[PDB]
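> Mind having a look at this structure? Questions to follow.
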Amino acid sequence: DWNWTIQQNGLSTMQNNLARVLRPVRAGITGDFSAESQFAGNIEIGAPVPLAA
Amino acid sequence: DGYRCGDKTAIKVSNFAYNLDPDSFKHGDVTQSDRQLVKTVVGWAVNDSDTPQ
């Protein structure tokens, strides 16, 4: 538990240290997207040829 | 090859197959030589009331 620190260290001025760990961190990482081989598909349409009676 | 054997050259007619890009072909009206009736199902919607259609 967190409370025993109060007896041992007082739990003061620590807060910023905890903040250092807890805060979100971000930086742009560029990269690749890859995976195992997968299914894919396709649809092609032709020219609609003029028909007559 | 200048030998008495029976051999002669032969050229096969193909098992014809065709494809047609153009509009240039057509099938006429259908005729039914014979017909047997497998099944029939009948139904109706009754809508007496004015509004709900």
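Identifiers in this document derive from the order of the structure tokens: chains are assigned A, B, ..., residues are numbered from 1 separately in each chain, and ligands are numbered from 1 in order of occurrence.
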What are the residues of chain B that have an atom within 9 Å of an atom of chain A, counting only C-alpha atoms, as number ranges by chain?
B: 21-26
> In Å, with one decimal, what is the gap from CA of residue 14 (chain A) to CA of residue 2 (chain A)?
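Separation between CA of residue 14 (chain A) and CA of residue 2 (chain A): 12.1 Å.
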> Would you please extract all alpha helix (DSSP H) residues from chain A, as assigned by DSSP on the backbone, and give them as JSON, numbers by chain?
{"A": [4, 5, 6, 7, 8, 15, 16, 17, 18, 19, 20, 21, 22]}
